[PDB]
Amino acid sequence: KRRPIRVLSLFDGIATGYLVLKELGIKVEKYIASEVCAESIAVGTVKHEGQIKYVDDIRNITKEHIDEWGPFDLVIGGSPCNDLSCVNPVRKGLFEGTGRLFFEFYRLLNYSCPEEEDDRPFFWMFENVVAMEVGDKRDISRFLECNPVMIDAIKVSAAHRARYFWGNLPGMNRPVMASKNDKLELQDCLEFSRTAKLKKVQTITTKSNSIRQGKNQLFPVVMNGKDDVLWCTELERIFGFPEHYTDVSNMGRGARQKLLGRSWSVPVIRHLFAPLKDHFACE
């Protein structure tokens, strides 16, 4: 009947995809990831017990690699948004610098895409920021031949995260509803003795200034009467990752907030991956 799912993960980072597929019961046969930061590779290799195959730089994978490693049923991707987000002033755009890496994703997608005679199921998803210039968005849409759906994590987590998602998954525009296990408020993610001055927080970048909310940059936590910033475990709880999911490779708060700031929201990707349980085998 139903068969396990074969995934090709692009700019995988901390392997949020595999984690969602696992938490969903979907049985995974292959999970080929392309990642270059050794810390993220360590996260993925430890927290999933070496079930993920890593393929290194995206610009060194050929069509022969896609055919041999293939066939693939799912292709996830989220390219670097360093030259695309409008928070960086020196941003170079989609056709210069990090943005160009998007065209690698594209290049592989049409490689792994089934031919016009093969009616096999094949799914794909690409994610990037909303805070990009409209030209970058329209060009990404043109190359993907799809218009995006904008999802903010504030409906399912305790933080804002407006992100654009292109793809063909079932019901990508279906209404987003919250689950009973989702921590909607900041207090639901905090630790003992800590109090949330806020109920929802802003978007969390890889930088420290994002952890201080408001135009006046206020601290979010109060502990023993003092103003304190968020802890790493609470960031993991906000994003939806399991607790101590990023506690590897002797990483301090810098590398951990960096890896989490480039990542996805676990409940959002759970929502977007949920319909796949009807096409593929479930554990």
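Note that residue numbering follows the sequence shown and begins at 1.
S.K.: Averaging CA B factors per stretch from the PDB record, which one is higher: 243-251 or 219-227?
M.R.: For C-alpha atoms only, the mean B-factor is higher in 219-227.
S.K.: Identify the stretch, either 84-92 or 101-109, whose C-alpha atoms have the larger mean B-factor according to the entry.
M.R.: It is 84-92 that shows the higher mean C-alpha B-factor.
S.K.: For the listed residues 134, 125, 151, 144, which one has the largest C-alpha B-factor as given in the deposited model?
M.R.: Most elevated C-alpha B-factor of the set, per the entry: 134.
S.K.: Among 78, 114, 167, 170, which carries the highest Cα B-factor?
M.R.: Within the set 78, 114, 167, 170, 114 shows the top C-alpha B-factor.
S.K.: Check where residue 30 lands among this chain's C-alpha B-factors and tell me if it's the lowest, middle or highest third.
M.R.: Answer is middle: the recorded C-alpha B-factor places it there.
S.K.: C-alpha B factor of residue 48, ranked within the chain: lowest, middle or highest third?
M.R.: Lowest third of the chain for residue 48's C-alpha B-factor.
S.K.: Going by the recorded CA B-factors, say which third of the chain residue 67 sits in, lowest, middle or highest.
M.R.: It falls in the middle third of the chain.
S.K.: Would you mind checking where the Cα B-factor of residue 5 ranks among the modelled residues of its chain, as the lowest, middle or highest third?
M.R.: According to the entry, residue 5 has a C-alpha B-factor in the chain's middle third.
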